[PDB]
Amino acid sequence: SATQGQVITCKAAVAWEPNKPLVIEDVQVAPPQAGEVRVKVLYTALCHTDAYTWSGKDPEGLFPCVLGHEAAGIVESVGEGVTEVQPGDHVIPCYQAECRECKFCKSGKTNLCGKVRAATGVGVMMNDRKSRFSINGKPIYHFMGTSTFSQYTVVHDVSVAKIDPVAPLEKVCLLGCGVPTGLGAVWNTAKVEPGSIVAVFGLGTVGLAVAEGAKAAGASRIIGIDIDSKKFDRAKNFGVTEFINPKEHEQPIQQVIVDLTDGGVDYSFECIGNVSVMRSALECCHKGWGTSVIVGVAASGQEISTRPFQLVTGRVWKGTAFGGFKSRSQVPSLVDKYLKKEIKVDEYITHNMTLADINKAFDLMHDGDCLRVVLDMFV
């Protein structure tokens, strides 16, 4: 690399303050330190998690920052002691790290490695507890250990998945968040059996991946719930067999579902981040065995509630983070499955735009009429 050891000056979409449109700035991206990787971000996708922090409803939120966490690109350079990746490798930076050596990593019970959490949680790098981004010497915080809204980003080596170089980067950028979250919520978290009756609450990218996961798992019925009836038609291609719009019914949604399933569903998945809907997803589950998985991310201060008899009578309340997938170990497999036509990726993308269109893309995101928007960072 022509830039090895040097401070890079590139374009980045900077979130200067909450609710303010992103400003495309020239930022300085410092070289990778010990155990870090500088990535050329070719393509990034937009997620509701980016907008959630941008909105100001996030307690972890630090301003000014470079948002974005769903991307794919190429290793520009590596810091001291980095050997798992090298300049030129095709990678997916992940918000979920995998150090492969801690209690969380070694016990096949969870994917939640906490090695770099103290650093990533505060918009900084572990090696020096500083950000690698600056404008006129002043720091711009990192976001979710990824900051993929920058042409160049610096991430911890433990968060870098090395992928198949033939994979189309404008597609595989979705394998860093939404699609594995939905798929894994079914396969890893719930472990849905064939014949199961599944309810999916919210038919956005995540809800659709849950439907594809449940179809792959051999569910007999996939009930799609969304307040927007226009989202029902596209859902059928993702495996959804039945539809309910809660606004079309005076009785609580949980009652409507119990009334169609002879007692309730085997599995429910809340793919919105709405606490009232989380309670409904639990209560629509069948007595004795019904399991509800929260996939959606609620705003800070919101609490879930139910009457404890729902649990005493056999319902199970749980949740998922990145579908329970181990980033460095499993994202490369999801890419291989995608390349081998075992899983859908392309179908979740409704728009391709450029970095300059970032605000226009967040406007599409607010309106609800899109699935994933992919940004070409270098055009």
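Residues carry their position along the shown sequence, with the first being 1.
Visitor: Given the B-factors recorded for C-alpha atoms, which segment has the greater mean, 118-126 or 295-303?
Guide: According to the entry, 295-303 carries the higher average C-alpha B-factor.
Visitor: Decide which of the stretches 248-256 and 202-210 has the higher mean C-alpha B-factor, going by the entry.
Guide: Result: 248-256.
Visitor: Taking the values straight from the PDB record, which of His156, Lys106, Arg279, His142 has the highest C-alpha temperature factor?
Guide: In this record, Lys106 carries the highest C-alpha B-factor of the candidates.
Visitor: Comparing recorded Cα B-factors across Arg132, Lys231, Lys162, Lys171, which one is largest?
Guide: Highest C-alpha B-factor among the listed residues goes to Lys231.
Visitor: Split the chain's modelled residues into thirds by Cα B-factor; is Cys285 in the lowest, middle or highest one?
Guide: Within its chain, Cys285 is a middle-third residue by C-alpha B-factor, going by the deposited values.
Visitor: Can you tell me which third, lowest, middle or highest, the CA B-factor of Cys94 falls into for its chain?
Guide: Middle third - that is where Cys94 ends up once the chain's C-alpha B-factors are sorted.
Visitor: Ranked by Cα temperature factor within the chain, is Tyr267 in the lowest third, the middle third or the highest third?
Guide: Within its chain, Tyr267 is a lowest-third residue by C-alpha B-factor, going by the deposited values.
Visitor: Against its chain's modelled residues, does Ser196's Cα B factor rank lowest, middle or highest third?
Guide: For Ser196, whose C-alpha B-factor we compare with every modelled residue in the chain, the answer is the middle third.
Visitor: Using the B-factors in the PDB entry, rank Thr148's C-alpha atom against the chain and give the third, lowest, middle or highest.
Guide: As the PDB entry reports it, the C-alpha B-factor of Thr148 lands in the lowest third of its chain.
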